[PDB]
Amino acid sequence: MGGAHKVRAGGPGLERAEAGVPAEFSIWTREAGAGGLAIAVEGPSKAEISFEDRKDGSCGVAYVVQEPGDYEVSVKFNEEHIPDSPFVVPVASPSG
């Protein structure tokens, strides 16, 4: 218990997102090592969540929601929130 405390996560997808547009962030599991990463997005529409197992030792996550609103993005390592998880993420309607 508490492996997750050594795991860090950042990138634009844990800060802001646009509806229908993929939101990417990174998770660096160097210190905690290997384990089970469970990602949750909780909000007014269903997220599609993808992983990217990078050679750099980091893991990539991209998610897409379609409805603008306020989402919470959870990152658990071995079933336990990592620091600052849940992340509160505002998803806006796209521009352009």
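For every residue, the number given is its place in the sequence shown, counted from 1. Superpose the two forms; the largest set of C-alphas matching within 1.5 Å is the rigid core.
Relative to the shown model and aligned on the rigid core, the C-alphas in 5 other deposited structures of this protein deviate most, among 63-71 and 33-41, for 33-41. Legend: mean Cα B-factor per stretch from the PDB entry, 35-43 versus 49-57; the higher mean is in 49-57.
A summary of the deposited B-factors shows that, of 59-67 and 24-32, the stretch with the larger mean C-alpha value is 24-32. Among the modelled residues of the chain, residue 85 sits in the middle third by CA temperature factor in this PDB entry. Ranked by Cα temperature factor within the chain, residue 13 sits in the lowest third according to the deposited record.
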